[PDB]
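> these chains are from a complex, not moved at all, and more is on the way:
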Amino acid sequence: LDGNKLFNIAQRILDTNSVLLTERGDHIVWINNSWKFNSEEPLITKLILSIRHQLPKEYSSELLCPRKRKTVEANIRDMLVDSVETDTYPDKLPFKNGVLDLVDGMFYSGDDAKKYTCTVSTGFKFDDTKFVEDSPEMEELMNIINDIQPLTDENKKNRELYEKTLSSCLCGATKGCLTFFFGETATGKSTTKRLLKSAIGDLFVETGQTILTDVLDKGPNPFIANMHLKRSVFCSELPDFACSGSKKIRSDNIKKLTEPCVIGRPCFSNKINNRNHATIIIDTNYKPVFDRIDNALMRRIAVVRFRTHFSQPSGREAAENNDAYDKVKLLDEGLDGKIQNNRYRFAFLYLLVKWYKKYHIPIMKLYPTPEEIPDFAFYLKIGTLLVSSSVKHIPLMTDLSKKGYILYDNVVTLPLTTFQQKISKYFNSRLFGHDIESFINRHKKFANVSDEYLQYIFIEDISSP
């Protein structure tokens, strides 16, 4: 009782678990030791033609006809009901010919790599011979790395963060901070960007500046769409906001960028949600300024500093006189060509995985460093210098009461000029007049029609000198 032959062929193909359906509406196939999906080519027919050697002899002859292949594809589409979830392992690095385990280090190939439904890859094959610590390329690469970010007591704290942020690019989780590479010209940050791109293949992606300026929901926005399921997104050439007419990056969008999902749609599609598995790195020479500064913004900022100059001999003199640098080196003419030739593709992957094994093994999280945030520093200082009144200050109010304070309904009354003079004794009120005014009308409280008071008691008001 042998029925349709093409149905049997389709059933046997489906039994190998080589075609799967995702919740996004796409079909993924397992061909050439990788998971590939696309909406414009017949991948199912390619798989049917490719796997014809695993079937009995009486079945392989039927797959040469394209119409029979189309019939088998239609059957397979009919029998595929039930979606599956993909990209759920954050500690696995997919390649073209297998998946590398970042936890311990062995490389999986073939069926062993099938269980990890990694729908993306690095786009190139993995080679074991070049993945070794002792190679002529390693010493050359270490010299460049030490030149860009020298290791020393002065730079010991910044280099650790610089390597930790680069190492974080290997994970497939969501990151809660953004990276700003602040440096002058010829500081080697572009070389680092190119090295990272060559190391991580097409997982690296570059998008326009508009993902920080406009509204992400203003019609189609392929720039956000291309970010989907990436692990590193680079934005470049921040415009200078000091000059008039420049548009200051909104604080709203950076908070959205730290959410596990982003709202945006591509062309010829209606899907909105996109997985945010990537880290944001933006390189610039000017420190950015935000329209509004809030307490939520200091949990989502991180800055790396570049303080090395690679100058030609003709500019040897002036580079020494400039105070923004700390070391001057001779520019390498042929370095760019070697970088473009993927000369350090695996020597940098070894460094990346070695760094990953150092920091990111137990948990992935960063420690904020508010000790060096000059642009927000004053906003911190008041927060660390003002103590509000409470119940414990009620018994001691009388001593403060003789110092110009009136106990009206158990509320401390603070004259305006007293706080004006106290803050103007060190801060030039002319420079931050607008900022102080904004803080005031955001924090002003009306005791009555005329008198205005502040709900804080200065430490020096109660502590004897």
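Nice, thanks for sending it over. Numbers count the residues shown, from 1 in each chain, chains lettered A, B, ... in the order given.
> hey, let's count contacts and neighbours off CA atoms from now on
Fine.
> so what touches stretch A:243-254?
For stretch A:243-254, contacts defined as Cα atoms under 8 Å, 6 or more residues apart in numbering pick out A:211-213, A:215, A:239-241, A:288-293, A:297, A:300.
> mind listing what's buried along that stretch?
A:247-251, A:254 (16 or more other Cα atoms under 10 Å).
> sorry, back to before: between the contacts of stretch A:243-254, which is nearest residue A:377?
Among these, residue A:293 lies closest to residue A:377 (Cα to Cα), at 11.7 Å.
> that closest one belongs to a strand?
No: Residue A:293: not assigned to a strand; according to DSSP: H, G, I helix; E, B strand; the rest coil it is coil.
> ok so, going back, got the buried residues of stretch A:243-254 as JSON lines, with secondary structure columns?
Shown next, in JSON lines, are those (three-state DSSP):
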{"residue": "A:247", "secondary structure": "coil"}
{"residue": "A:248", "secondary structure": "coil"}
{"residue": "A:249", "secondary structure": "coil"}
{"residue": "A:250", "secondary structure": "coil"}
{"residue": "A:251", "secondary structure": "helix"}
{"residue": "A:254", "secondary structure": "helix"}
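> which of the residues you listed lies closest to residue A:47?
Of the buried residues of stretch A:243-254, the one sitting nearest to residue A:47 (Cα to Cα) turns out to be residue A:254, at 42.1 Å.
> tell me where the stretch 151-300 of chain A has helices.
Using DSSP state H, counting those that start in this stretch, the helices of the stretch 151-300 of chain A run over residues A:156-167, A:189-200, A:222-225, A:251-257.
> got the CA positions of the third one in CSV?
Think helix A:222-225. Presented in CSV, the C-alpha positions along helix A:222-225 are these (Å, rounded to 0.1, in the frame of the first residue of the first chain):
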residue,chain,number,x,y,z
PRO,A,222,15.7,50.6,7.6
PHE,A,223,18.6,51.8,9.7
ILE,A,224,17.0,50.4,12.9
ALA,A,225,15.8,47.3,11.0
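> let's add chain B too:
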Amino acid sequence: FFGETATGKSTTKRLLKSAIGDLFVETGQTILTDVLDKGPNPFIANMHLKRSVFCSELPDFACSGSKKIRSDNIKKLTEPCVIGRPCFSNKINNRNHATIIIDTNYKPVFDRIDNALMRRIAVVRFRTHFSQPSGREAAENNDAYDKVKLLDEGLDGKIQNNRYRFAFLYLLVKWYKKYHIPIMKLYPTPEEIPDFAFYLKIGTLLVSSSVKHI
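Alright, chain B goes in next:
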């Protein structure tokens, strides 16, 4: 390309176009002042795999409403990859292989000037005028020129008919053999631009503190 009118800018442009065929491209002014993310931009999407891009007729900036050259656009225009989406497509990456040449009669001015901008600027001057016999006399008393010659009537037709298509190609090949054999690189000329002349001296007559000078 800096020079007055009737100095051979368009003749050189057409000679290069006839020499290099489809590898030459002509693009609008929007790539220098207009934002590259304001929807689709086919002007920069047409630069894919091109080897020479020309833009001509820079307007004077003294006119009201004139937009000056953005420094950030210049900085991001020299990158190996340029971001731009042509119409009816989703691709946003274009490969940059072309030399950008701007033809103008006035010295350009930028909104912001910094050490980054001084590294990507070169200027070449045209100092020869071809004049008709009627108005040639008024050309010997002008400092903008150093030699006055007679206009050739039929040169444009010869240039159009691709008469010198291969001679120019041979000359270009000889020049490439002369210069770009070991390493190909273009070097900037900060001095020519007038507005930079301030900053160039700033790093010369000022020095920082020294341990011996403390």
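> now that chain B has been added, could you go back to the contacts of stretch A:243-254?
Contact with stretch A:243-254 is made by A:211-213, A:215, A:239-241, A:288-293, A:297, A:300, B:112, as judged by Cα atoms under 8 Å, 6 or more residues apart in numbering or on different chains.
> rerun at 10 Å
A:177-178, A:209-216, A:238-242, A:280, A:288-294, A:296-297, A:300-301, B:111-112 (Cα atoms under 10 Å, 6 or more residues apart in numbering or on different chains).
> out of these, which are buried?
A:177-178, A:209-212, A:216, A:238-241, A:280, A:288-289, A:300-301 (16 or more other Cα atoms under 10 Å in any protein chain shown).
> which ones among these also lie next to chain B?
A:209-211, A:238-240 (Cα under 10 Å from any Cα of the partner chain).
> what residues does chain A have near chain B?
Counting by Cα under 10 Å from any Cα, chain A sits next to chain B at A:184-186, A:190, A:205-211, A:214, A:220-223, A:225-226, A:236-240, A:242-244, A:266-268, A:285, A:317-323, A:333-334, A:337.
> go through the residues you listed and flag which are in strands.
The members of these that map onto strands under DSSP state E are A:205-206, A:236.
> am I right that residue A:78 is in a helix?
Yes: under three-state DSSP, residue A:78 sits within a helix.
> who's in contact with it?
So residue A:78 contacts residue A:72 (Cα under 10 Å, 6+ apart).
> now residue A:71
Counting by Cα under 10 Å, 6+ apart, the residues that residue A:71 touches are A:6-7, A:10, A:45, A:77.
> wait, doesn't residue A:44 sit right on residue A:75?
No: taking contacts as Cα atoms under 10 Å, residue A:44 lies outside contact range of residue A:75: 11.2 Å.
> who touches both of the two?
residue A:69.
> could you identify the helix or strand that succeeds the helix or strand harbouring residue A:74?
Element membership for residue A:74, per DSSP states H and E: helix A:66-79. Beyond helix A:66-79 in the direction of the C-terminus, DSSP H and E gives the next helix or strand as strand A:92-94.
> can you add chain C next? sequence is:
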Amino acid sequence: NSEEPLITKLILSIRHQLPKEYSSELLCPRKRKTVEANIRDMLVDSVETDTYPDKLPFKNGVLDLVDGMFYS
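So, slotting chain C in with the rest:
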């Protein structure tokens, strides 16, 4: 859904409940398309959906928020 042909999937799925002489006819895609066309032609009236506000849907059934037991 408006993209994949769920009708053909249903036709292929429920082929076991049909008599023995009808199951073998559903293994060909063209017959499935003809059956789908007939079904689409035979459907005229419409029905309103989601009329019960106190029911929580799942895959293995619907949970009732009044009593607390789970249908399946």
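> the contacts of stretch A:243-254 with chain C there, same question as before?
A:177-178, A:209-216, A:238-242, A:280, A:288-294, A:296-297, A:300-301, B:111-112.
> how does it look with 7 Å?
A:212-213, A:241, A:289-292 (Cα atoms under 7 Å, 6 or more residues apart in numbering or on different chains).
> may I have the beta-bridge partners of the residue nearest to the spatial centre of chain A?
Taking Cα atoms, centre = their mean as the criterion, residue A:279 is the residue nearest the geometric centre of chain A, at 1.5 Å. Counting by DSSP bridges, residue A:279 forms beta bridges with residue A:232.
> now for it: which residues touch it?
Per Cα under 7 Å, 6+ apart, neighbours of residue A:279: A:169, A:175, A:178, A:231-233.
> farthest pair in those?
Across the contacts of residue A:279 (Cα to Cα), the longest gap, 13.0 Å, separates A:178 and A:231.
> from chain C, how far out is the nearest residue to residue A:293 once chain neighbours are set aside?
Residue nearest to residue A:293 in three dimensions, not counting chain neighbours: residue A:251, with 7.5 Å by Cα to Cα, 6 or more residues apart in numbering or on different chains. Distance, residue A:251 to chain C, by Cα to the nearest Cα, to the nearest Å: 38 Å.
> also residue A:418?
Residue A:418 is 62 Å from chain C, by Cα to the nearest Cα.
> do the same with residue A:314
65 Å.
> and stretch A:373-385, how far out from the chain middle?
26 Å (Cα atoms, centre = their mean, to the nearest Å).
> actually stretch A:184-199, not the one I wrote
Using Cα atoms, centre = their mean, the offset of stretch A:184-199 from its chain centre is 16 Å.
> could you do stretch A:391-400 as well?
49 Å.
> what of stretch A:344-360?
The answer for stretch A:344-360 is 18 Å, by Cα atoms, centre = their mean.
> cool, stretch A:50-57 as well?
44 Å.
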